[PDB]
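Presented as structure tokens, the chain that follows is alone, the form deposited in one PDB entry.
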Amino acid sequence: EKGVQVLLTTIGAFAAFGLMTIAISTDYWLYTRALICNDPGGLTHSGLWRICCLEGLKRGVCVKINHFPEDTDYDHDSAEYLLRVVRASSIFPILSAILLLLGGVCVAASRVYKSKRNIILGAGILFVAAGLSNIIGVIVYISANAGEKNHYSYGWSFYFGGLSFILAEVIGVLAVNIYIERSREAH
């Protein structure tokens, strides 16, 4: 139907927004050894903002990260500086969540001003752009977590971000289909 599809659109938008938010704000992205805990290093469940440890008496206490350990050129050094700035800001996942929120707002508003049709189109565009930003963000994260036989693993925040991307793509498809049906109703 149509109202069913709009309902699923809205629910998926809200679910993806929540998933991305908590994935950002849970610091359970990565498991590895750090050397910050006390010799390859001590276990740790890192995150997007603040690494955090789970061995020794330091368990349960943990701090932010630098993202600029060595020295480079502040104004303009190289692609490494830009990569580290983007990784520290993490503006791509945040942008994705913002776009999901805006798409949800647009689709919810569509119920009022039912005459308009470009609302759903804008919502779909926002959702797709959110997916693109999310995939860029994960690419940046992974490329930045490279040293240059250690071990690592990924946690549920990572998979939550991925699920947010998937839901964003699905919701964009559904919104575009809604717009297509509405334009069909016009003759």
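Shifts are known only where both forms have a C-alpha. We call the rigid core whatever largest set of C-alpha positions still superposes within 1.5 Å between the two forms. Each residue number is its position in the shown sequence, starting from 1.
Only in words, not in the display: the form deposited in another entry, which the text now covers.
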{"item": "Core-aligned C-alpha movement of residue 77 between the shown form and the other one, 2 Å or more", "value": "yes"}
{"item": "Cα-Cα shift for residue 91 and residue 72, closer or farther in the other form, minimum 3 Å", "value": "farther"}
{"item": "After core alignment, residue runs (3 or more) whose Cα moves 2 Å or more between the shown form and the other one", "value": "1-3, 70-77"}
